[PDB]
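Novice: Before anything else, here's the structure in question.
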Amino acid sequence: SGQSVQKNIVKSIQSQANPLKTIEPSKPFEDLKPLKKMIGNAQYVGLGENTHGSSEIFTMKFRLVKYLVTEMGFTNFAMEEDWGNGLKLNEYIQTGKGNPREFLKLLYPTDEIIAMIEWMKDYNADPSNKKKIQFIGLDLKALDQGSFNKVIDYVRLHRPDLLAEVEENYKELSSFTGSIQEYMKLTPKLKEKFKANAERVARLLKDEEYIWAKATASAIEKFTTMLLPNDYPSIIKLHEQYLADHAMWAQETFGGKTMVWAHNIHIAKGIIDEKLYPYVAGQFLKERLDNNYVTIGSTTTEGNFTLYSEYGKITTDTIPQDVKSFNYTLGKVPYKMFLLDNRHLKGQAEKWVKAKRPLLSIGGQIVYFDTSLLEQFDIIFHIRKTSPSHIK
């Protein structure tokens with residue numbers, strides 16, 4: 001609604017944007033130098049994705065991850081993937097044991113992402129790299145048998161006098177954690193009981209191999225605590241709280257620097273989808289960390305993407321158009337791909353990111369939300385045209 005909008009605002013963004021030359025992780029990182037200056041010495045970086053099925057977004061994120069690890073000392077890779085799957089992916093990138101394809105839940109077992117996981121294994125395989133990348137599964141949408149065994153195995157070996165008690169506390173619980181859906185079918189009575197049992201074991205291992213056993217026992221407690229309520233907003237809040245807790249646990253335990261890979265929704269400083277996500281991990285990280293948490297959102301203009309079902313099985317759909325969205329304005333900029341630091345913009349571009357306009361956001365199922373771009377992201381990486389990810 002401003003002054004002769006469009007043309008002038010597109011000119012302001014173009015002038016302040018730093019164009020990207022490729023999405024290929026193997027290519028030189030000269031075009032990412034502006035990124036090092038933007039991030040500064042922040043120890044936590046959130047890396048979002050506009051959808052959960054855009055090939056170029058996943059690959060560009062891999063390029064970004066590679067740059068952060070090799071040029072900026074980032075070492076902890078915390079992904080929006082279940083804790084248990086994380087344990088297996090970490091084992092994969094440390095020893096090369098396992099099939100990553102089997103540890104990534106649908107939509108994620110793509111050629112693009114698996115290629116990154118393989119690079120991580122290669123990086124860790126170089127004896128010259130003494131500080132290894134750690135893979136952390138932040139999510140709690142399920143607790144696999146591997147998680148319970150991680151804890152049990154540790155106790156059986158190091159704390160034999162508690163084995164009986166630990167196994168007793170986990171026996172029944174471990175049969176109902178296959179998914180949120182089946183756990184929520186439990187009566188209030190069984191839920192209270194299982195939360196108590198989980199809290200009991202975590203206490204026993206608080207000390208009041210070991211690091212991961214304690215962390216897993218805590219993830220099990222978190223899972224039973226998150227699903228205790230019977231409403232929706234309270235569970236969502238706990239879920240996001242725990243994503244943040246896990247990310248910070250990784251930083252405080254392993255040191256170095258931490259990368260948080262998740263959907264734009266979860267890494268954002270604020271609320272994009274108020275009805276589905278009234279609380280998000282990103283706002284808790286911003287609150288607790290302030291300037292030590294930098295957010296890099298993902299934006300795209302047009303193309304097809306991989307997803308589940310419409311409005312199941314994996315299929316493809318097309319990005320809906322909205323001439324008022326930040327997304328379409330970004331598509332006008334004469335750069336196919338670019339980085340934009342929303343925090344230091346001036347002129348019309350600055351007024352633009354601070355204004356409220358439709359923002360695209362597509363989940364794993366089916367998409368425009370009124371909000372401010374700067375409100376959600378410190379930085380964004382735009383990829384005008386995108387296409388469907390390739391499920392391996």
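Residues are referred to by chain and number: the chain letter is A, B, ... according to the order shown in the structure tokens, the number counts from 1 in that chain, and ligands are numbered separately from 1 in the order shown.
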Out of region 115-294 of chain A, which residues get helix (DSSP H, G or I) from DSSP, as a short mmCIF file (atom, residue, chain, number, x, y, z; two decimals) with N, CA and C atoms, in the first residue's frame?
Specialist:
```
data_model
loop_
_atom_site.label_atom_id
_atom_site.label_comp_id
_atom_site.auth_asym_id
_atom_site.auth_seq_id
_atom_site.Cartn_x
_atom_site.Cartn_y
_atom_site.Cartn_z
N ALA A 115 22.10 -37.84 0.81
CA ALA A 115 23.40 -37.41 0.30
C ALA A 115 24.12 -36.62 1.39
N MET A 116 23.37 -35.84 2.16
CA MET A 116 23.97 -35.04 3.23
C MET A 116 24.44 -35.96 4.36
N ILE A 117 23.61 -36.94 4.72
CA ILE A 117 23.97 -37.85 5.78
C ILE A 117 25.25 -38.60 5.42
N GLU A 118 25.41 -38.94 4.15
CA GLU A 118 26.62 -39.63 3.72
C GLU A 118 27.83 -38.72 3.85
N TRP A 119 27.66 -37.44 3.50
CA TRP A 119 28.76 -36.50 3.65
C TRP A 119 29.18 -36.40 5.11
N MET A 120 28.20 -36.37 6.00
CA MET A 120 28.49 -36.28 7.43
C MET A 120 29.35 -37.47 7.87
N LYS A 121 29.02 -38.66 7.36
CA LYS A 121 29.78 -39.86 7.68
C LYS A 121 31.21 -39.68 7.14
N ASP A 122 31.32 -39.17 5.91
CA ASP A 122 32.64 -38.94 5.31
C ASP A 122 33.46 -37.95 6.13
N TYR A 123 32.83 -36.85 6.54
CA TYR A 123 33.52 -35.83 7.34
C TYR A 123 34.06 -36.47 8.62
N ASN A 124 33.21 -37.24 9.30
CA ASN A 124 33.60 -37.91 10.54
C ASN A 124 34.64 -39.00 10.32
N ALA A 125 34.73 -39.50 9.09
CA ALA A 125 35.68 -40.56 8.76
C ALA A 125 37.09 -40.01 8.55
N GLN A 145 12.21 -49.17 20.15
CA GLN A 145 12.79 -50.13 21.09
C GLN A 145 14.26 -49.80 21.32
N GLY A 146 14.91 -49.28 20.29
CA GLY A 146 16.31 -48.91 20.40
C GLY A 146 16.55 -47.92 21.52
N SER A 147 15.59 -47.02 21.75
CA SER A 147 15.71 -46.02 22.81
C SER A 147 15.68 -46.68 24.19
N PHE A 148 14.70 -47.54 24.43
CA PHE A 148 14.61 -48.21 25.71
C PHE A 148 15.84 -49.07 25.96
N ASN A 149 16.32 -49.73 24.90
CA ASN A 149 17.51 -50.57 25.00
C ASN A 149 18.77 -49.75 25.25
N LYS A 150 18.81 -48.53 24.73
CA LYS A 150 19.97 -47.68 24.94
C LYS A 150 20.15 -47.51 26.45
N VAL A 151 19.04 -47.25 27.13
CA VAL A 151 19.04 -47.05 28.59
C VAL A 151 19.29 -48.36 29.32
N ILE A 152 18.49 -49.38 29.00
CA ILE A 152 18.61 -50.68 29.64
C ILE A 152 20.02 -51.27 29.53
N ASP A 153 20.58 -51.23 28.32
CA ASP A 153 21.92 -51.76 28.09
C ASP A 153 22.94 -51.09 29.00
N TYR A 154 22.85 -49.77 29.12
CA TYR A 154 23.77 -49.04 29.97
C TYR A 154 23.65 -49.49 31.42
N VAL A 155 22.42 -49.60 31.91
CA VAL A 155 22.17 -50.02 33.28
C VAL A 155 22.67 -51.44 33.55
N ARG A 156 22.42 -52.35 32.61
CA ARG A 156 22.84 -53.74 32.76
C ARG A 156 24.36 -53.87 32.88
N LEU A 157 25.08 -52.97 32.21
CA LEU A 157 26.53 -52.99 32.20
C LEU A 157 27.17 -52.20 33.34
N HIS A 158 26.68 -50.98 33.56
CA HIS A 158 27.26 -50.11 34.57
C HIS A 158 26.53 -50.00 35.91
N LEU A 163 19.00 -52.68 37.37
CA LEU A 163 18.43 -53.35 36.21
C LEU A 163 17.00 -53.83 36.42
N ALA A 164 16.78 -54.54 37.52
CA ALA A 164 15.45 -55.06 37.83
C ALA A 164 14.42 -53.94 37.84
N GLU A 165 14.72 -52.88 38.58
CA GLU A 165 13.80 -51.76 38.70
C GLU A 165 13.59 -51.02 37.38
N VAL A 166 14.66 -50.80 36.63
CA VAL A 166 14.53 -50.10 35.37
C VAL A 166 13.68 -50.88 34.37
N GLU A 167 13.97 -52.16 34.20
CA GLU A 167 13.22 -52.99 33.26
C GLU A 167 11.74 -53.06 33.64
N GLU A 168 11.48 -53.09 34.95
CA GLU A 168 10.10 -53.14 35.43
C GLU A 168 9.38 -51.86 35.05
N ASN A 169 10.03 -50.72 35.23
CA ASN A 169 9.41 -49.44 34.91
C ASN A 169 9.16 -49.21 33.43
N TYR A 170 9.94 -49.86 32.57
CA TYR A 170 9.79 -49.70 31.11
C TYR A 170 9.03 -50.79 30.36
N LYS A 171 8.86 -51.96 30.98
CA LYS A 171 8.20 -53.08 30.32
C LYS A 171 6.88 -52.79 29.60
N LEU A 173 5.22 -49.72 29.36
CA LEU A 173 5.34 -48.47 28.63
C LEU A 173 5.87 -48.66 27.21
N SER A 174 6.96 -49.41 27.09
CA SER A 174 7.61 -49.65 25.81
C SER A 174 6.75 -50.30 24.72
N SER A 175 5.55 -50.76 25.08
CA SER A 175 4.66 -51.38 24.10
C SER A 175 3.66 -50.40 23.51
N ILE A 180 2.28 -41.35 18.56
CA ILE A 180 1.48 -40.50 19.44
C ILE A 180 0.06 -41.05 19.50
N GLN A 181 -0.45 -41.42 18.33
CA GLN A 181 -1.80 -41.94 18.18
C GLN A 181 -2.13 -43.11 19.10
N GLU A 182 -1.25 -44.12 19.16
CA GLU A 182 -1.51 -45.27 20.01
C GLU A 182 -1.31 -44.96 21.49
N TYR A 183 -0.40 -44.04 21.80
CA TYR A 183 -0.18 -43.71 23.21
C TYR A 183 -1.36 -42.92 23.76
N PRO A 188 -6.42 -42.26 31.34
CA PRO A 188 -5.68 -41.30 32.16
C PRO A 188 -4.83 -42.03 33.19
N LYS A 189 -5.39 -43.10 33.75
CA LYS A 189 -4.71 -43.88 34.76
C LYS A 189 -3.37 -44.45 34.27
N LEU A 190 -3.36 -45.06 33.09
CA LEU A 190 -2.12 -45.64 32.57
C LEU A 190 -1.11 -44.57 32.22
N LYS A 191 -1.59 -43.42 31.76
CA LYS A 191 -0.70 -42.32 31.40
C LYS A 191 0.02 -41.78 32.64
N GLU A 192 -0.72 -41.56 33.73
CA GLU A 192 -0.12 -41.06 34.97
C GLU A 192 0.94 -42.04 35.46
N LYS A 193 0.59 -43.32 35.41
CA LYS A 193 1.46 -44.41 35.82
C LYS A 193 2.74 -44.45 34.98
N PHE A 194 2.60 -44.41 33.66
CA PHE A 194 3.77 -44.45 32.79
C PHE A 194 4.67 -43.23 32.94
N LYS A 195 4.08 -42.06 33.17
CA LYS A 195 4.87 -40.84 33.35
C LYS A 195 5.69 -41.00 34.62
N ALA A 196 5.06 -41.53 35.66
CA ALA A 196 5.72 -41.76 36.94
C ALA A 196 6.88 -42.73 36.77
N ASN A 197 6.63 -43.84 36.07
CA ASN A 197 7.67 -44.84 35.84
C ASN A 197 8.85 -44.23 35.08
N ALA A 198 8.55 -43.41 34.07
CA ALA A 198 9.60 -42.78 33.25
C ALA A 198 10.40 -41.78 34.06
N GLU A 199 9.71 -41.01 34.88
CA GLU A 199 10.38 -40.02 35.71
C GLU A 199 11.29 -40.73 36.71
N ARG A 200 10.83 -41.89 37.19
CA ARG A 200 11.56 -42.70 38.16
C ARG A 200 12.92 -43.12 37.61
N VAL A 201 12.93 -43.67 36.41
CA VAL A 201 14.17 -44.10 35.79
C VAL A 201 15.11 -42.94 35.47
N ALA A 202 14.56 -41.82 35.01
CA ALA A 202 15.39 -40.66 34.69
C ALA A 202 16.09 -40.20 35.96
N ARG A 203 15.36 -40.21 37.08
CA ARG A 203 15.93 -39.80 38.36
C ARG A 203 17.10 -40.70 38.71
N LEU A 204 16.89 -42.00 38.56
CA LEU A 204 17.90 -43.01 38.87
C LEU A 204 19.19 -42.83 38.09
N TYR A 210 27.19 -43.18 29.11
CA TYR A 210 26.30 -42.61 30.11
C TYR A 210 25.52 -41.39 29.63
N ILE A 211 26.21 -40.47 28.96
CA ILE A 211 25.58 -39.25 28.46
C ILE A 211 24.33 -39.56 27.64
N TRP A 212 24.46 -40.46 26.67
CA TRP A 212 23.33 -40.78 25.82
C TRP A 212 22.25 -41.60 26.52
N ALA A 213 22.64 -42.39 27.51
CA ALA A 213 21.66 -43.19 28.25
C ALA A 213 20.80 -42.24 29.09
N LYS A 214 21.45 -41.31 29.78
CA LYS A 214 20.74 -40.34 30.60
C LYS A 214 19.81 -39.50 29.72
N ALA A 215 20.32 -39.05 28.58
CA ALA A 215 19.55 -38.22 27.66
C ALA A 215 18.33 -38.95 27.12
N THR A 216 18.51 -40.23 26.81
CA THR A 216 17.41 -41.04 26.30
C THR A 216 16.36 -41.24 27.39
N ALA A 217 16.79 -41.52 28.62
CA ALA A 217 15.83 -41.71 29.71
C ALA A 217 15.01 -40.43 29.88
N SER A 218 15.67 -39.29 29.68
CA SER A 218 15.00 -38.01 29.77
C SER A 218 14.03 -37.82 28.61
N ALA A 219 14.38 -38.34 27.43
CA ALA A 219 13.50 -38.21 26.27
C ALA A 219 12.24 -39.04 26.49
N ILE A 220 12.40 -40.16 27.18
CA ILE A 220 11.27 -41.02 27.47
C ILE A 220 10.36 -40.32 28.48
N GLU A 221 10.96 -39.63 29.46
CA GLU A 221 10.16 -38.90 30.44
C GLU A 221 9.41 -37.78 29.71
N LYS A 222 10.12 -37.05 28.86
CA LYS A 222 9.50 -35.97 28.09
C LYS A 222 8.30 -36.47 27.30
N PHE A 223 8.46 -37.60 26.62
CA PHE A 223 7.38 -38.17 25.83
C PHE A 223 6.12 -38.44 26.67
N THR A 224 6.30 -39.07 27.83
CA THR A 224 5.17 -39.39 28.71
C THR A 224 4.57 -38.15 29.38
N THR A 225 5.36 -37.08 29.47
CA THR A 225 4.90 -35.84 30.09
C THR A 225 4.12 -35.00 29.08
N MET A 226 4.62 -34.98 27.85
CA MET A 226 4.02 -34.24 26.75
C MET A 226 2.61 -34.74 26.41
N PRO A 233 -3.53 -27.44 22.70
CA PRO A 233 -2.54 -26.37 22.91
C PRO A 233 -1.45 -26.70 23.93
N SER A 234 -1.81 -27.38 25.01
CA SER A 234 -0.84 -27.75 26.04
C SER A 234 0.16 -28.80 25.55
N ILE A 235 -0.30 -29.71 24.70
CA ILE A 235 0.60 -30.74 24.19
C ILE A 235 1.57 -30.11 23.19
N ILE A 236 1.03 -29.27 22.31
CA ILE A 236 1.85 -28.60 21.31
C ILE A 236 2.92 -27.77 22.01
N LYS A 237 2.53 -27.08 23.07
CA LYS A 237 3.49 -26.25 23.79
C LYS A 237 4.61 -27.12 24.38
N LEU A 238 4.26 -28.24 24.99
CA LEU A 238 5.27 -29.12 25.56
C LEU A 238 6.16 -29.69 24.45
N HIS A 239 5.55 -30.09 23.35
CA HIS A 239 6.32 -30.63 22.23
C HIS A 239 7.39 -29.64 21.76
N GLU A 240 7.00 -28.38 21.57
CA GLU A 240 7.95 -27.36 21.10
C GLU A 240 9.00 -27.07 22.17
N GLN A 241 8.57 -27.09 23.42
CA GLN A 241 9.45 -26.86 24.55
C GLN A 241 10.58 -27.91 24.50
N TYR A 242 10.21 -29.17 24.32
CA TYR A 242 11.17 -30.25 24.27
C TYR A 242 12.08 -30.21 23.05
N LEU A 243 11.59 -29.72 21.92
CA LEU A 243 12.46 -29.62 20.75
C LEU A 243 13.60 -28.68 21.14
N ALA A 244 13.23 -27.55 21.74
CA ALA A 244 14.20 -26.55 22.17
C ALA A 244 15.14 -27.12 23.22
N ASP A 245 14.59 -27.85 24.19
CA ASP A 245 15.41 -28.43 25.24
C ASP A 245 16.47 -29.35 24.63
N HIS A 246 16.05 -30.20 23.70
CA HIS A 246 17.00 -31.11 23.08
C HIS A 246 18.10 -30.38 22.32
N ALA A 247 17.74 -29.31 21.62
CA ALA A 247 18.74 -28.54 20.88
C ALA A 247 19.79 -27.96 21.83
N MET A 248 19.32 -27.40 22.94
CA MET A 248 20.21 -26.81 23.93
C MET A 248 20.98 -27.88 24.69
N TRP A 249 20.38 -29.05 24.86
CA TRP A 249 21.08 -30.13 25.54
C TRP A 249 22.31 -30.51 24.71
N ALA A 250 22.14 -30.52 23.39
CA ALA A 250 23.23 -30.88 22.51
C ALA A 250 24.39 -29.89 22.63
N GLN A 251 24.06 -28.61 22.66
CA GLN A 251 25.07 -27.56 22.75
C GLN A 251 25.83 -27.62 24.08
N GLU A 252 25.09 -27.73 25.18
CA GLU A 252 25.73 -27.76 26.48
C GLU A 252 26.51 -29.03 26.77
N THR A 253 26.15 -30.12 26.09
CA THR A 253 26.83 -31.39 26.31
C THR A 253 28.06 -31.60 25.45
N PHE A 254 27.96 -31.25 24.17
CA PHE A 254 29.06 -31.47 23.24
C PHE A 254 29.87 -30.22 22.88
N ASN A 264 10.20 -24.31 8.61
CA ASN A 264 10.18 -22.89 8.94
C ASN A 264 9.37 -22.68 10.22
N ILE A 265 8.23 -23.36 10.29
CA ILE A 265 7.35 -23.23 11.44
C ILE A 265 8.03 -23.41 12.80
N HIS A 266 8.89 -24.42 12.91
CA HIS A 266 9.56 -24.71 14.17
C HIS A 266 10.77 -23.85 14.51
N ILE A 267 11.49 -23.35 13.50
CA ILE A 267 12.66 -22.52 13.78
C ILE A 267 12.35 -21.03 13.92
N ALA A 281 9.13 -24.12 18.88
CA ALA A 281 10.46 -24.25 19.45
C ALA A 281 11.28 -22.97 19.28
N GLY A 282 11.23 -22.42 18.07
CA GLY A 282 11.96 -21.21 17.75
C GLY A 282 11.76 -20.03 18.69
N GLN A 283 10.55 -19.82 19.19
CA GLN A 283 10.34 -18.69 20.09
C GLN A 283 10.96 -18.97 21.46
N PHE A 284 11.00 -20.23 21.87
CA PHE A 284 11.61 -20.58 23.15
C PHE A 284 13.12 -20.45 23.08
N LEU A 285 13.69 -20.74 21.91
CA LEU A 285 15.12 -20.61 21.72
C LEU A 285 15.49 -19.13 21.68
N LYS A 286 14.66 -18.32 21.05
CA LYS A 286 14.94 -16.89 20.98
C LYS A 286 14.87 -16.26 22.37
N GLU A 287 13.88 -16.68 23.16
CA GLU A 287 13.71 -16.17 24.52
C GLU A 287 14.88 -16.51 25.43
N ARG A 288 15.25 -17.79 25.43
CA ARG A 288 16.34 -18.28 26.25
C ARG A 288 17.72 -17.86 25.77
N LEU A 289 17.88 -17.76 24.46
CA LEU A 289 19.18 -17.44 23.89
C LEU A 289 19.41 -16.02 23.37
N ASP A 290 18.33 -15.29 23.11
CA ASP A 290 18.43 -13.92 22.61
C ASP A 290 19.27 -13.86 21.32
N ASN A 291 20.37 -13.11 21.33
CA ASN A 291 21.19 -12.99 20.12
C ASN A 291 22.09 -14.18 19.82
N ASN A 292 22.07 -15.21 20.67
CA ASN A 292 22.91 -16.38 20.44
C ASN A 292 22.19 -17.40 19.57
#
```
Novice: When you look at region 47-61 of chain A with a cut-off of 6 Å (counting only C-alpha atoms), what residues show up, excluding the ones that are within fewer than 6 positions of it in the same chain? I need them as a ChimeraX atom specification.
Specialist: /A:23,112,260-264,296-299,305-306,361-364,386-389
Novice: Could you state the separation of CA of residue 72 (chain A) and CA of residue 139 (chain A) in Å, given to one decimal place?
Specialist: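 These two atoms are separated by 25.6 Å.
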Novice: Please list as a list in words every residue within 10 Å of residue 82 (chain A), counting only C-alpha atoms and excluding residues in the same chain fewer than 2 positions away.
Specialist: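 The residues that qualify are residues 79, 80, 84, 85, 86, 87, 103, 104, 105, 136, 137, 138, 139, 140, 141, 142, 143, 144 and 219 of chain A.
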Novice: Hey, can you check how far CA of residue 374 (chain A) sits from CA of residue 326 (chain A)?
Specialist: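 Rounded to one decimal, the two atoms are 10.9 Å apart.
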Novice: Could you check how far CA of residue 318 (chain A) sits from CA of residue 304 (chain A), in Å to one decimal?
Specialist: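 Interatomic distance here is 4.3 Å.
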Novice: For residue 379 (chain A), which residue out of A:20, A:69, A:133, A:340 is the nearest one, using only C-alpha atoms?
Specialist: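 Under the stated criterion, the closest residue is A:340.
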Novice: Taking only C-alpha atoms into account, name the residue in A:325, A:295, A:15, A:301 that is nearest to residue 377 (chain A).
Specialist: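 Counting only C-alpha atoms, the residue closest to residue 377 (chain A) is A:295.
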Novice: Quick one: DSSP strand (DSSP E) residues in region 16-231 of chain A, as a count of residues only?
Specialist: 19
Novice: Can you pull out every residue within 12 Å of residue 321 (chain A), counting only C-alpha atoms, but drop anything in the same chain fewer than 6 positions away, and send it as a PDB file with C-alpha atoms, in the first residue's frame?
Specialist:
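Result file follows (selection34.pdb):
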```
ATOM      1  CA  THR A 300      10.389 -20.109  -2.566  1.00  0.00           C
ATOM      2  CA  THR A 301       8.069 -18.641  -5.185  1.00  0.00           C
ATOM      3  CA  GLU A 302       6.732 -21.330  -7.510  1.00  0.00           C
ATOM      4  CA  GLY A 303       6.999 -24.974  -8.488  1.00  0.00           C
ATOM      5  CA  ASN A 304       5.858 -28.463  -7.526  1.00  0.00           C
ATOM      6  CA  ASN A 327       7.146 -15.003  -1.681  1.00  0.00           C
ATOM      7  CA  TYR A 328       5.923 -13.543  -4.936  1.00  0.00           C
ATOM      8  CA  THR A 329       7.657 -10.230  -4.302  1.00  0.00           C
ATOM      9  CA  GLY A 331      10.350 -13.892  -7.014  1.00  0.00           C
ATOM     10  CA  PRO A 358       0.889 -13.383   3.315  1.00  0.00           C
ATOM     11  CA  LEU A 359       3.702 -15.860   3.952  1.00  0.00           C
ATOM     12  CA  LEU A 360       3.743 -19.268   2.304  1.00  0.00           C
ATOM     13  CA  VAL A 367      -1.051 -22.424   2.883  1.00  0.00           C
ATOM     14  CA  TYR A 368      -0.616 -18.645   3.198  1.00  0.00           C
TER      15      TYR A 368
END
```
Novice: So, with only C-alpha atoms as the atoms that count, which of A:382, A:275, A:351, A:66 lies closest to residue 259 (chain A)?
Specialist: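 Nearest candidate to residue 259 (chain A) out of A:382, A:275, A:351, A:66: A:66.
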Novice: So that I can check the surroundings of residue 339 (chain A), please list as a count of residues only every protein, DNA and RNA residue that reaches within 9 Å of it, counting only C-alpha atoms and ignoring chain neighbours fewer than 4 positions away.
Specialist: 11
